[PDB]
Each structure stands twice: as structure tokens, then as C-alpha cells.
Amino acid sequence: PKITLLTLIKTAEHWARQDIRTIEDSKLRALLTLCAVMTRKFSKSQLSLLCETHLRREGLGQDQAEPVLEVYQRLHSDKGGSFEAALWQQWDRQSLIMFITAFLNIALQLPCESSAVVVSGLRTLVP
Amino acid sequence: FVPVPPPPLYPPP
Ligand SMILES: [Ca+2]
């Protein structure tokens, strides 16, 4: 199983449909990796919308925008999984489960690119 | 060095 875009999507779709609240920590760790990899499939310009969608999904206040956006930004810019590993280490299991559940609920339905020019062109191709 | 941000706080029910 090679980690193509489609395999990534199929993996995300599978786990999005799981209730991971009782998942083994080892699998949860891998899901954080999945979320990080998937985050990096979004243009940087889309991270604000990703954050906003997360807040709405989870009924979180706007005062939570800063920390949530920061997580997405630092996953997006992560090198060698450094931030990802720090996040895993620092956060409690429950927080990680909730974040990953939320991400998998929103990531598949959110556009990965926002650029109007780009969106226009691609629309004429979609079958 | 930049500390890991805290997880979001959920509203109390
Ligand atoms: Ca789900």
C-alpha cells in the first residue's frame, strides 16, 4: 500500500467513519500523522478556513481560534515531524482524540485551494 | 523556542 493521494483519502474516509474514542494509543499516534500529512495537502491560504470550520464543527468560541489555527499552521510548516511529536507529547489523549475526530469530519469536504482564478479553471474540467 | 499551544477549551455544559 503506497501512500498516494487517493490512498491517503481512502484512509482518511475509513477513519472518519470510525469512533476512535477507545482507539489504541499507537493507532491514535498514526492518525495524528495522517492529519498532519492531510493538512499539508491544503494551500497555506486555506488554513484560516480550516480553523474556522473546526471551531464551528466543535461549537468552540472565537477565543479558541488562535491556538487551533496555530496547530494547523505548525503542522502545515512541520519539518521531520518535530512539531507533530511535540504536540503528541504535550497534549492529553482526550484533546488529541477530539481534535483528530473534528479534523477527519471537516478535511474531506473543505476545498484544498481557495484561489478564485484556480477554482474557475478547474471547474470547467470537473466531470 | 515556541511552546506547543494548549488544546481548545470547550464550553461547560
Ligand atoms: Ca466522523
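Residues numbered from 1 in each chain as written, not as in the entry; some residues may be left out. Chains lettered and ligands numbered in written order. Heavy atoms only, no water. Residues with missing side-chain atoms left out of burial classes, pairs and counts.

- As annotated in the PDB entry, chain A carries the name Minor nucleoprotein VP30 and comes from Zaire ebolavirus.
- Here the PDB entry's recorded title is "Crystal structure of Ebola virus VP30 C-terminus/RBBP6 peptide complex".

### Details of the pattern of salt bridges
All names here are of chain A.
Point 1. Evaluated as defined, the whole model comprises four salt bridges over all chains.
Point 2. One salt bridge connects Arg-93 with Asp-25, and the closest N-O pair in it is separated by 3.0 Å. Taken together, the residues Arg-93 in helix 6 (residues 93–106) and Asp-25 in helix 2 (residues 25–39) connect sequence positions 68 residues apart.
Point 3. For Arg-93, a relative accessible area of 25% corresponds to the partly exposed category.
Point 4. Using a relative accessible area of 42% as the deciding quantity, one classes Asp-25 as partly exposed.
Point 5. With its nearest N and O atoms 2.7 Å apart, the salt bridge here joins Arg-29 to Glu-84. With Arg-29 in helix 2 and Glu-84 in helix 5 (residues 82–90), this residue pair connects regions lying 55 residues apart in the sequence.
Point 6. You can call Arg-29 partly exposed: its relative accessible area is 24%. (Salt bridge = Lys/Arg side-chain N within 4 Å of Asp/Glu carboxyl O. Helix = DSSP H or I, 4+ residues; strand = E, 2+ residues; numbered from the N terminus. Buried < 20%, exposed > 50% of the residue type's maximum accessible area, 1.4 Å probe, protein only.)

### Points about the nonpolar core
Residue and element names in this part refer to chain A.
Point 1. With 35 residues, the main nonpolar core has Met-38, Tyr-72, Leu-87, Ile-100, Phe-103 and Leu-104 as its most contacted residues.
Point 2. For this core, the secondary structure elements donating two or more residues are helix 1 (5–16), helix 2, helix 3 (47–57), helix 4 (65–76), helix 5 and helix 6.
Point 3. Beyond its immediate stretch of four places on either side in the chain, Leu-104 contacts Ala-12, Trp-15, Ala-16, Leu-34, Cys-35 and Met-38. (Core = buried A, V, L, I, M, F, W, Y, C linked by side-chain atoms within 4.5 Å. Contact = heavy atoms within 4.5 Å.)

### With respect to the packing of aromatic side chains
Centre-to-centre distance and the angle between the planes together describe a pair of aromatic rings.
Residue and element names in this part refer to chain A.
Point 1. Scanning all chains against the criterion turns up three aromatic pairs over all chains.
Point 2. Measuring from centroid to centroid gives 5.9 Å for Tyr-72 and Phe-103, while their planes differ by 35°, and the two rings are tilted. A residue pair is termed long-range when its members are at least 10 positions apart, and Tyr-72 in helix 4 and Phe-103 in helix 6 qualify at 31 residues. Of the two residues examined, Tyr-72 and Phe-103, each falls in the buried class.
Point 3. Between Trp-91 and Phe-99 the ring centres are 5.4 Å apart and the planes differ by 70°, which places this aromatic pair in the edge-to-face class.
Point 4. Through a chain of ring-to-ring contacts, the aromatic side chains of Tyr-72, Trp-91, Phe-99 and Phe-103 assemble into a single cluster. (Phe/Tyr/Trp six-rings, centres within 6.5 Å; stacked < 30°, edge-to-face > 60°.)

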